[PDB]
Amino acid sequence: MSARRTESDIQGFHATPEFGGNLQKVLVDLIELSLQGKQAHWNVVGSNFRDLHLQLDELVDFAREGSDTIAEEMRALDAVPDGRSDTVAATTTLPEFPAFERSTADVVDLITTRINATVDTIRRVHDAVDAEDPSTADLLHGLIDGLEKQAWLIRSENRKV
Amino acid sequence: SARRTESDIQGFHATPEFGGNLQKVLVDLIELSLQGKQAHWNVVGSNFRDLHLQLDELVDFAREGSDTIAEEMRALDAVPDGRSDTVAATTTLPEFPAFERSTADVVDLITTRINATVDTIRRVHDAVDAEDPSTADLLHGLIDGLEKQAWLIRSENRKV
Amino acid sequence: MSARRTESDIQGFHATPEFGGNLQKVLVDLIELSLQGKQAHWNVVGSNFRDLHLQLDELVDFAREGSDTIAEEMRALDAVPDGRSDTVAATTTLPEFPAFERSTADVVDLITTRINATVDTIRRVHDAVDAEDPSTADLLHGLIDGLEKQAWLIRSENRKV
Amino acid sequence: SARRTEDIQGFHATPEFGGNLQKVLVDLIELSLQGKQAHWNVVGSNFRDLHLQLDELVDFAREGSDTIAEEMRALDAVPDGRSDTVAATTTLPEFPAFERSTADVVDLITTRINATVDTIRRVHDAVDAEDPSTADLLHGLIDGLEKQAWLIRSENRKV
Amino acid sequence: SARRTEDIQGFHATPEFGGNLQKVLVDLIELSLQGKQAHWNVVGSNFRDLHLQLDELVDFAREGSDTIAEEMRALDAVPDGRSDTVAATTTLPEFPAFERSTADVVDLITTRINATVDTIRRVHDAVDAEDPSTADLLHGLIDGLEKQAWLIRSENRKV
Amino acid sequence: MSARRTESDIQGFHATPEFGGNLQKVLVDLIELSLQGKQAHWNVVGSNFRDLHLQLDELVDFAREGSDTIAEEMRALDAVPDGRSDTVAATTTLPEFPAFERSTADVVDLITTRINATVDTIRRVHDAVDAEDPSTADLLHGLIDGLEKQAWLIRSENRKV
Amino acid sequence: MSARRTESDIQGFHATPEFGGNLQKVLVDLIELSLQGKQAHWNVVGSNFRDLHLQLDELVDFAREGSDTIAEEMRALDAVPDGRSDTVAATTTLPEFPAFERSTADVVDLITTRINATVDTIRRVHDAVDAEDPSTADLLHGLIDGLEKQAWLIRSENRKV
Amino acid sequence: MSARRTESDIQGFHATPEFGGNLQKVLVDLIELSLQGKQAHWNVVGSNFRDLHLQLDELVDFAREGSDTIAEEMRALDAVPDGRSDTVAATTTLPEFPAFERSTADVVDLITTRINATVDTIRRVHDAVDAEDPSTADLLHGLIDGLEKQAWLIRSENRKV
Amino acid sequence: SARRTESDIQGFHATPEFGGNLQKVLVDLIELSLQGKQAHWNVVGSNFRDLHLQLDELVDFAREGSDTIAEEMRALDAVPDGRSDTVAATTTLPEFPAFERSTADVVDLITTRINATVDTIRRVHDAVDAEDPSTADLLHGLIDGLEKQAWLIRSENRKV
Amino acid sequence: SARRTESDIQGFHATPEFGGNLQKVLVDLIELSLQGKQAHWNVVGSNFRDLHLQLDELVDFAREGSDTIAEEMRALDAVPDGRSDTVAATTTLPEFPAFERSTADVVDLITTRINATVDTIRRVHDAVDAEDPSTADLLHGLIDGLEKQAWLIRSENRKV
Amino acid sequence: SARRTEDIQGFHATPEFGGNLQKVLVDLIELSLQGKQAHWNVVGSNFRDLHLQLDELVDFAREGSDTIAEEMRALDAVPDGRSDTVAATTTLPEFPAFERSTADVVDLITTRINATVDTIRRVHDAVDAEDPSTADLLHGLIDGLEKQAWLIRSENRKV
Amino acid sequence: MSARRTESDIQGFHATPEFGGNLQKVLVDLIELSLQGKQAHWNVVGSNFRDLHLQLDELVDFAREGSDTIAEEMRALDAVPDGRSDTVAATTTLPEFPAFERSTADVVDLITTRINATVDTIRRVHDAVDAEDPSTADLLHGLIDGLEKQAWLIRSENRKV
Ligand SMILES: [Cl-]
Ligand SMILES: [Cl-]
Ligand SMILES: [Cl-]
Ligand SMILES: [Cl-]
Ligand SMILES: [Fe+3]
Ligand SMILES: [Fe+3]
Ligand SMILES: [Fe+3]
Ligand SMILES: [Fe+3]
Ligand SMILES: [Fe+3]
Ligand SMILES: [Fe+3]
Ligand SMILES: [Fe+3]
Ligand SMILES: [Fe+3]
Ligand SMILES: [Fe+3]
Ligand SMILES: [Fe+3]
Ligand SMILES: [Fe+3]
Ligand SMILES: [Fe+3]
Ligand SMILES: [Mg+2]
Ligand SMILES: [Mg+2]
Ligand SMILES: [Mg+2]
Ligand SMILES: [Mg+2]
């Protein structure tokens with residue numbers, strides 16, 4: 001027992017309300033992106049339907065894994081996620097996805113914008129998150145990178161060169 | 001030969017009532033998915049791990065269900081709406097709480113919301129069946145999968 | 001507005017004692033089929049031993065998954081399954097599998113007949129089950145179909161020109 | 001003491017029922033064959049997606065024909081999936097020879113899927129009246145085929 | 001030039017040996033059946049864990065009964081796994097009807113596992129005397145069953 | 001220095017109408033073999049039903065992969081395959097599979113003969129294919145070999161002492 | 001305190017020349033069984049060809065894994081296996097597999113007898129092996145059991161009523 | 001060779017003794033956590049045994065992967081890990097795990113504390129590690145995050161709300 | 001017995017011409033792999049995703065091909081050279097552009113380079129076959145795999 | 001019927017000697033696992049990679065072995081002690097060095113420690129077998145697996 | 001109307017062809033057996049790599065012998081893979097008894113591989129003249145064996 | 001729409017030319033390492049050939065995954081990778097790999113040096129990359145770590161202690 005600590009209830013790292021609130025911002029935009037991604041996935045029609053249909057599902061998978069990661073990171077640090085529909089709708093920073101069928105070209109533009117807005121949210125909270133907890137900032141880096149890849153893979157469809 | 005001669009043979013498309021009925025199922029499946037994840041993250045207390053894990057299985061089922069329903073709508077020329085605003089505005093499920101809840105409370109809350117979702121499907125079933133027997137089979141899969149989840153979750157709180 | 005329902009104790013579907021009794025009839029014949037299937041699997045000898053030995057295991061697998069499905073369907077709707085040995089022996093409608101070794105030819109006829117009997121039971125309860133709960137009838141259809149396929153794959157050994 | 005005593009008689013179907021499944025079988029096989037034809041010969045804008053989706057259509061149609069033929073055998077009917085029979089009795093419009101543009105293939109194949117679904121819907125009630133289990137297999141065929149129709153046709157859809 | 005010359009005679013076992021394996025077989029089958037009964041009907045605190053563990057018990061017991069019946073056949077004995085025989089000759093206390101609490105299921109099932117192990121231990125030496133290889137299969141059964149007993153009983157254990 | 005070629009429209013290998021016609025002959029017999037294989041698979045009854053039923057599916061699988069390979073080889077070299085039902089029926093060299101159920105023994109002889117016929121076709125076109133394009137002849141060798149193996153595995157049921 | 005042993009060259013278990021000679025007897029009969037199993041697998045014709053052809057490969061697989069196990073057990077205890085063709089032919093106790101094709105019925109009897117002989121060898125060395133090294137006897141039990149199961153699965157083709 | 005370096009023995013990045021020593025601290029606490037996790041895994045008894053039994057194994061897997069990663073990171077940077085039992089016991093900062101069977105409730109509390117102490121160690125060395133080698137700090141982030149998740153998944157059992 | 005008596009039985013080794021011919025195939029396969037990845041990253045426009053993905057399949061094929069050829073050389077006592085300098089200096093493929101290119105342009109460019117690679121193999125085939133029929137079979141696999149890729153890529157740009 | 005009538009049928013439990021004997025096996029398996037990893041990380045020199053990899057296979061075997069033994073103890077109502085302090089205090093294996101060691105040295109060191117571990121098991125085997133034949137079978141698996149590892153490792157250093 | 005009419009005659013091979021495949025078969029089997037012998041008995045520097053590579057050699061040789069024997073059967077020839085025949089008719093130099101050093105095993109096995117390839121190359125043209133498809137199987141054998149020779153021999157190679 | 005942004009073409013993060021140029025440096029050295037790794041993999045001969053042969057392939061896999069990641073990161077941020085052979089050769093910082101067969105000992109030394117030079121390149125651009133885009137620096141950390149592990153696993157062969 002020469003180097004053993006004797007404490008009996010050694011506590012874990014707890015997030016400040018500011019940190020919790022910052023992760024909460026990331027969470028709602030990821031959930032909203034997931035819902036908008038499926039909406040697009042179902043309702044996309046026209047030239048190169050299948051590619052975008054499939055790519056959109058891949059986007060949804062990434063955003064769903066991301067939201068779960070963020071929420072669980074909140075839980076680990078004693079924060080309480082709110083991913084309920086009312087909260088997501090009232091607090092998301094993403095512009096609303098339109099109703100009805102939309103062309104591949106329009107879906108490409110719309111979805112790219114909503115991905116970009118989601119990355120924006122993460123980049124906006126990044127420094128405050130990093131300052132409090134360097135480990136959580138790494139999760140943010142993974143999210144930024146995966147989302148920016150999705151953005152590139154989707155937007156390239158509409159590129160005119 | 002017995003070969004048909006038409007060049008643009010049309011598919012079966014759904015009445016607006018039919019689309020409407022599938023839309024009802026769609027929003028409650030999505031809401032159940034979002035509430036399931038909320039419960040999955042925020043459940044605490046006795047037998048946490050079992051419920052944490054089972055709630056994830058409920059979410060998996062509800063998500064594939066919602067995707068199935070929306071794609072059923074699309075095949076039949078209907079247009080699903082799974083957006084957050086629409087879901088919050090039109091879901092029939094009682095709202096899930098925002099905060100930590102005990103395993104016992106989560107079991108009771110989630111069972112109710114599963115039952116509410118099954119009820120939506122049971123309420124539209126006959127009108128769906130009358131228009132398209134094939135789509136009713138999809139509804140049967142949802143009822144049974146969800147009723148199974150309800151049993152697997154609720155049994156935690158069952159007395160002797 | 002809000003379409004959200006108010007009740008905190010929203011009830012699940014309520015199943016009649018007749019419904020439970022009907023699935024119970026299906027349950028015991030599937031369990032009995034599985035037990036007889038293994039008996040045949042172990043005790044078959046003669047021309048084309050290996051094929052029947054193998055097919056009999058596939059039948060057992062289907063029948064085991066079936067009985068579990070039925071029993072869980074009972075539980076979901078607050079019925080209480082009884083798959084105990086005494087009850088299966090006392091209430092199965094299948095003729096008993098004979099003791100000791102049986103020829104491939106005889107095993108073919110016997111097991112085909114036991115599948116016929118098992119399907120007969122499902123057909124006997126079908127209409128009453130479908131009227132009360134169409135979703136459960138769908139599971140019955142899955143059972144009927146898988147079993148009829150097993151009967152075809154087994155019985156065709158004995159069919160001539 | 002609940003054990004029945006007799007062979008307890010096996011499975012059988014009316015010749016009308018068998019003929020109804022036979023109608024479904026030939027169109028599934030024709031669809032599979034036309035599907036591969038389209039798969040090989042499609043050219044042009046968004047070739048790859050259609051080439052791939054058409055193979056998924058063929059897979060579904062092949063599994064379907066198996067399911068129907070096996071259902072026929074289970075109930076002691078006897079399927080006919082031979083080339084001569086399929087060509088003589090299929091209700092599907094003939095697939096054209098030669099290469100076809102992606103846009104043309106989309107319209108052609110959507111029609112042939114729809115014709116296949118039509119056949120299933122045509123026999124459905126007569127099949128259901130004799131065997132509700134068989135009807136469920138028809139429901140699975142309708143659903144999978146109508147999904148393929150949606151996934152294929154969406155390429156040409158203007159909004 | 002070491003090659004033997006005669007059919008060199010096949011495998012066989014005494015009727016006493018076959019009867020000893022038959023005792024093990026019926027209790028494994030009974031255990032499997034009671035296991036599923038428990039699996040379906042357990043309710044209450046920590047339902048899910050027990051529901052899942054009981055299925056793992058059933059898997060082990062089913063594979064075991066196969067192993068024993070196949071061992072019997074390999075040595076030209078003839079197993080009896082029929083419902084009537086299992087019910088008439090099993091040594092396991094009957095599993096009760098109806099739903100049972102997790103705590104009650106834990107105690108009930110632990111006892112039935114222990115009774116199954118008892119049967120294996122009872123015939124072990126007689127089996128070993130005739131065939132040491134068969135005894136090894138019995139050792140595998142004892143070990144897997146005693147592990148299941150530990151994994152199940154631990155739920156009720158107070159320290 | 002630079003060994004790099006200058007042309008921007010470097011042409012692929014150019015195949016004669018005779019080459020396409022030769023693979024077309026192979027294509028229709030493989031498709032016909034696959035259709036007859038399924039017919040036999042469904043309609044075989046009698047002693048050793050299960051083994052033949054299973055082996056026939058393996059044959060169908062090989063023949064289906066084969067026909068796809070041949071058709072794609074045609075496309076690669078700008079030939080246009082025709083695998084449509086009418087053409088297969090009108091141009092296959094295989095004797096037609098008889099209607100209705102057939103005994104295991106009869107199915108063995110029939111299907112073995114249809115494999116023999118299919119291999120015969122490949123052998124008939126082989127030399128002309130090999131002279132124009134050795135790479136394609138290699139694929140023919142793969143086909144011949146897999147089919148001969150299928151003939152062995154099926155026909156040996158009927159071979160005596 | 002310290003229960004740690006002092007020696008730097010702690011010896012492994014030392015096996016008698018008799019032990020090695022005993023496993024060598026097992027080794028050659030397993031290799032011979034594997035070679036005869038393949039011979040039968042290739043050369044069997046007649047009623048139920050496919051089942052026996054398949055089962056014979058499973059036997060070969062078991063016998064090959066067995067011989068490798070035995071040889072490695074020899075190496076672990078500083079015995080030196082000899083699995084060379086000349087030694088196997090000169091020292092195997094199995095009757096030789098006859099040349100040319102054999103009927104399914106004959107192959108059944110022959111191979112069953114060769115399994116019987118292989119198990120006989122293991123039984124002959126068993127007691128001496130168990131007395132010197134119980135761990136090795138356990139591996140012998142695994143071999144005996146797998147082989148007896150193979151004999152059952154093969155021989156039952158020829159058993160009547 | 002226009003941009004090619006001409007050096008023949010280009011050396012890799014070498015850890016300072018301070019860096020090596022910091023990784024060594026992480027290593028022993030991860031190994032100790034792994035040993036204590038198994039001790040708990042075997043000896044946990046009572047309400048919700050199975051869940052904790054399984055979750056504890058998942059903790060052990062993570063800590064074992066972690067220790068291997070840390071040790072290999074030391075090796076790559078020319079440091080020499082010491083993961084021997086004597087060293088771990090003499091130098092771990094974790095309080096000793098008690099002997100004997102312990103209740104689920106007590107195991108939950110004990111293990112949470114030891115996870116927290118392990119995270120503490122990593123957080124204590126984090127900044128010094130980051131300053132010398134940003135890449136290694138990322139490995140630390142992965143460890144912190146995985147361990148804090150485990151803490152949450154374990155401790156939630158005892159949460160009273 | 002029929003057992004041979006030699007202790008150091010030699011393997012078949014290739015002439016310098018044979019090694020040379022395989023070296024030619026090797027550099028064009030490597031160059032095709034590098035150009036395929038360039039195109040994979042930099043393709044933009046209509047039907048991007050399909051081409052992005054197909055180009056990766058081309059790269060996978062060309063890489064396993066180059067590895068096969070080099071290992072064929074090694075087995076026959078020849079020494080492959082797959083280094084960047086050698087590849088740039090000796091490849092027969094027209095250079096791929098540095099920048100973003102449209103899907104239509106990438107289809108045309110890549111088809112040409114695949115065809116150039118097949119041409120190299122077809123040009124060495126007969127001399128390879130004459131020395132070692134077994135190695136020609138490897139060449140056949142490369143020709144057919146690459147010609148398949150050419151078809152799958154080029155079809156995007158095909159008129160009615 | 002032949003059904004037994006008791007409600008709380010007891011399982012076989014081990015004597016303290018039996019538990020003690022399994023405890024002896026447990027600590028040497030754990031110590032071997034820790035020493036195996038030490039050797040795995042710190043081995044350097046000729047044929048490093050083979051030994052690095054083989055030592056990991058030894059560790060995998062020893063870990064599943066220790067888990068098996070501890071769970072055997074638990075089933076029989078004995079209480080394992082696998083804690084670091086207990087392992088260091090009671091293991092019979094000679095201590096592994098702290099620093100880099102050559103492949104040749106690591107082969108010799110690890111072979112000795114494997115042999116020491118097998119010896120512990122062989123020393124308790126007969127008393128274990130006498131009380132519980134089923135547990136002796138587990139011991140046989142450990143002896144053979146470890147003796148296999150000893151052969152696979154030691155062979156590196158074997159003369160002509 | 002292109003359908004042929006007769007059984008259309010089955011596959012067959014000349015006895016010379018069958019004998020040529022028989023030569024390949026025995027050396028593949030001998031190689032497999034010597035391969036395992038080497039695999040078990042190799043000791044010394046870089047033991048593990050050689051132990052593992054030799055097993056990969058055995059796998060290839062076993063699959064090869066299967067391919068050849070099955071080819072023989074497909075064309076209605078009758079293989080002989082029995083121990084007595086292999087030992088009496090193999091062209092491979094005998095593998096020595098006892099443990100051998102890694103360096104010696106490398107040289108020994110490389111020679112036996114080369115001898116096996118020699119046999120395949122020896123019969124190749126005669127086989128090809130009757131059946132070009134069979135020759136392709138021989139090409140696959142040559143290629144896989146020559147790769148194994150390279151992977152094994154490289155251990156002893158000095159540059 | 002209470003928190004929803006109203007922007008319609010929200011743009012993504014764009015790399016500066018400096019950032020693009022820095023990733024371009026990493027890219028060419030990874031590609032060059034991949035080509036040199038294969039060259040070594042084919043041409044290594046002598047003592048412990050097989051180990052190095054296999055380890056070199058593992059190095060190539062890692063460097064190939066790395067180059068693809070770097071290039072795709074450039075694409076996501078609107079930079080245009082150049083991985084063409086001419087560019088790689090003209091701009092790589094790695095010393096040339098020699099022609100011809102080389103001993104295991106020489107290959108170990110040569111390859112270790114080229115790995116070290118590749119890590120050097122990444123470490124040289126690290127800070128400038130981190131300053132502009134923290135998320136991309138994490139990808140660099142993964143590359144450094146994986147490469148330094150490979151270096152250790154390769155170089156240890158030649159270590160004399
Ligand atoms: Cl795709
Ligand atoms: Cl089979
Ligand atoms: Cl669980
Ligand atoms: Cl290796
Ligand atoms: Fe989660
Ligand atoms: Fe979808
Ligand atoms: Fe269940
Ligand atoms: Fe079928
Ligand atoms: Fe069994
Ligand atoms: Fe295709
Ligand atoms: Fe081995
Ligand atoms: Fe490691
Ligand atoms: Fe390679
Ligand atoms: Fe465990
Ligand atoms: Fe074979
Ligand atoms: Fe990529
Ligand atoms: Mg639990
Ligand atoms: Mg058979
Ligand atoms: Mg596309
Ligand atoms: Mg090595």
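Letters go in sequence order (proteins before strands), and every chain restarts at 1. For the numbers below, each heavy atom of this structure counts, side chains included, while hydrogens, waters and symmetry mates do not.
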Working for side-chain hydrogen bond (donor to acceptor under 3.5 Å, both in side chains), residues J/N115 and G/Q11: CA-CA 6 Å; J/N115 289 348; G/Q11 295 305 295; over 6 Å; no
Given L/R50 and J/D50, is the salt bridge (charged side-chain N to carboxylate O under 4.0 Å, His left out) satisfied, shown in steps? CA-CA 10 Å; L/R50 187 179 181 273; J/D50 264 327; 5.2 Å; no
J/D28 bridged to J/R113 by N-O distance under 4.0 Å: no
Does J/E147 come within less than 4.0 Å of G/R75, counting only side-chain N to carboxylate O? no
Which of these, J/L26, J/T120, J/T91, sits in a side chain to side chain contact (heavy atoms under 4.5 Å, CB included) with J/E31? J/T91
Under the criterion side chain to side chain contact (heavy atoms under 4.5 Å, CB included), which of H/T69, H/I31, H/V125, H/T118 is the partner of H/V26? H/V125
What verdict does the side-chain hydrogen bond (donor to acceptor under 3.5 Å, both in side chains) test give for H/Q24 and H/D82, after you've listed the backbone C-alpha separation in whole Å, the side-chain angles of each residue and the deciding distance to 0.1 Å? CA-CA 7 Å; H/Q24 180 58 34; H/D82 183 358; 5.2 Å; no
Side-chain H-bond candidate by donor/acceptor type, [X] with [Y], under 3.5 Å:
| X | Y | result |
| --- | --- | --- |
| L/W42 | I/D67 | yes |
| J/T112 | G/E7 | no |
| H/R64 | H/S67 | no |

Once the angle between the rings of L/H53 and L/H41 is folded into 0 to 90°, is it parallel (under 30°), tilted (30 to 60°) or perpendicular (over 60°)? parallel
Can you tell me how the ring of J/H140 sits relative to the ring of J/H125, calling it parallel under 30°, perpendicular over 60° and tilted otherwise? tilted
Looking at OG of J/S155 and CG of K/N41, how far apart are the two atoms once the value is rounded to the nearest 0.5 Å?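 That separation rounds to 10.0 Å.
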Please round to the nearest 0.5 Å and tell me the distance separating atom CG of L/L52 and atom CG of L/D57.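 Separation between the atoms: 12.0 Å.
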Report yes if some heavy atom in the side chain of H/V88 is under 4.5 Å from a heavy atom in the side chain of J/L34; otherwise report no.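 Answer no - side chains too far apart.
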The test is side-chain hydrogen bond (donor to acceptor under 3.5 Å, both in side chains); show your working for K/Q53 and K/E155 and say whether it passes. CA-CA 11 Å; K/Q53 193 59 238; K/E155 174 59 33; over 6 Å; no
What verdict does the salt bridge (charged side-chain N to carboxylate O under 4.0 Å, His left out) test give for L/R159 and J/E100, after you've listed the backbone C-alpha separation in whole Å, the side-chain angles of each residue and the deciding distance to 0.1 Å? CA-CA 10 Å; L/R159 285 294 312 285; J/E100 285 178 333; 2.6 Å; yes
Can you check salt bridge (charged side-chain N to carboxylate O under 4.0 Å, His left out) on K/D107 and K/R153, steps first, answer last? CA-CA 7 Å; K/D107 293 337; K/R153 84 166 83 105; over 6 Å; no
Go through G/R4 and H/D86 one step at a time and tell me if the salt bridge (charged side-chain N to carboxylate O under 4.0 Å, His left out) criterion holds. CA-CA 12 Å; G/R4 296 190 182 269; H/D86 300 82; 2.7 Å; yes
